[PDB]
Amino acid sequence: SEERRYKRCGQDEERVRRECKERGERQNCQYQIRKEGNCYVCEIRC
């Protein structure tokens, strides 16, 4: 029911992916990397 998206235009893909995984795993919430334009987006589903 709840979806969080963190758009990270000030970061490269490698960092976004790394920190999205960290963020999901730390919280036991599901994580996925999306794109908006050329910016990578961390999506968290708890």
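Because the Cβ atoms are built from the backbone with ideal geometry, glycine has one as well, and the counts that use them run over all protein chains shown. Read the figures in this text as sums done on the coordinates, not as results from a lab.
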TODO: Considering only region 12-34, state which residues are among the basic types (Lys, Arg), in contact with a strand residue (DSSP E or B) (Cβ under 8 Å, 6 or more places away or on another chain) and either farther than 24 Å from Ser1 by Cβ or in a helix (DSSP H, G or I) (or both).
DONE: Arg17, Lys21, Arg23
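Hey, among the residues in region 35-46 that are part of a strand (DSSP E or B) and among the hydrophobic types (A, V, I, L, M, F, W, C), which one's farthest from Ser1 (Cα to Cα)?
Filtering region 35-46 down to residues part of a strand (DSSP E or B) leaves 35-36, 39-45.
Checking the rest, the ones that are also among the hydrophobic types (A, V, I, L, M, F, W, C) come to 39, 41-42, 44.
Details: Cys39: 25, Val41: 19, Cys42: 17, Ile44: 11 Å.
The extreme case among them is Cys39.
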Task: Test for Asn38: is it without any contact (Cβ under 8 Å) to a residue 40 or more places away in the chain, exposed (fewer than 12 other Cβ atoms within 10 Å of the Cβ) and at positive phi - done: no
